[PDB]
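Just one chain is shown here, as structure tokens, and it is the form deposited in one PDB entry.
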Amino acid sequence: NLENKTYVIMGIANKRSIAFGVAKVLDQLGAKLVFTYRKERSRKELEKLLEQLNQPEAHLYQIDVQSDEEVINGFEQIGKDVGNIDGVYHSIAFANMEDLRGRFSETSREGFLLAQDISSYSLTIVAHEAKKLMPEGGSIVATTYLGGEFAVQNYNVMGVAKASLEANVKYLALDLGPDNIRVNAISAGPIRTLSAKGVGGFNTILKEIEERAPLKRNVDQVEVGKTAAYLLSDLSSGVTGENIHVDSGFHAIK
């Protein structure tokens, strides 16, 4: 139970977002939630989805993780509005569509560095600023994909940025561990979301899971959220620097 606990959830675009899976689960367990968004359209979606939640107050902050000033001021404002928090769910990534299909060897520098910036660096700066609101410790979770551990077709520039993210989680775990702040990753299997439309061959990936993965079925957003609940809570206190696969066992097979 997560009553009297407060979590910042970053990166809901709409009802299919993985972060909205997380939100539904933490809200059901009684947490207070704060939400961050980039696009105006995502604030609108967030105001609509809050009616499904039991949060008595909408706490919505615009944070583009490309901007230091936005991350620093956003968290500073969260802290002024709700006090100390207990953890952060990071559910944010981006790459240019043309870097998620075709040949990897042709990725542009700005494309590679944009992926890195949003998808991996954002976690370091978020952790640095969120730590100011966790004086007594807490928990930070980021969303990764099996394409960060192995070359999968079409995932390209995002795989290299997932590899970077998963290491960023381990370096943060080491750095922040003596502050009693745990940092972990959830490696979600494929899920139909807005961002998934940019992964060439997504539908093929989906069915390969059904066909080959141990559980012979795809996972959904709520399953990711139930693992997020474990990682964000005291159920997982001994656990830091870890990557938990919520992917029907696919990571364990070949």
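Shifts are known only where both forms have a C-alpha. Numbers for residues come from their place in the sequence shown, where the first is 1. So that the term is clear: the rigid core is the largest set of C-alpha atoms that superpose within 1.5 Å between two forms.
Another form, the form deposited in another entry, is not on view; read the next lines as being about it.
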*Might you check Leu29, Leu60, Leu53, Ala213 and identify the only one whose CA position changes by 2 Å or more between this form and the one not shown on rigid-core superposition?*
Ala213
*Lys226 to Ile209, Cα distance in that other deposited form relative to here: closer or farther, by 3 Å or more?*
farther
_Knowing the shift is 3 Å or more, I'd like to know if the C-alpha atoms of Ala213 and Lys170 are closer or farther apart in that other deposited form than in the shown chain._
farther
*Enumerate, in order of sequence, every stretch of at least three consecutive residues present in both forms where each C-alpha is displaced by 2 angstroms or more between this form and the one not shown, superposition done on the rigid core.*
40-42, 154-157, 203-219
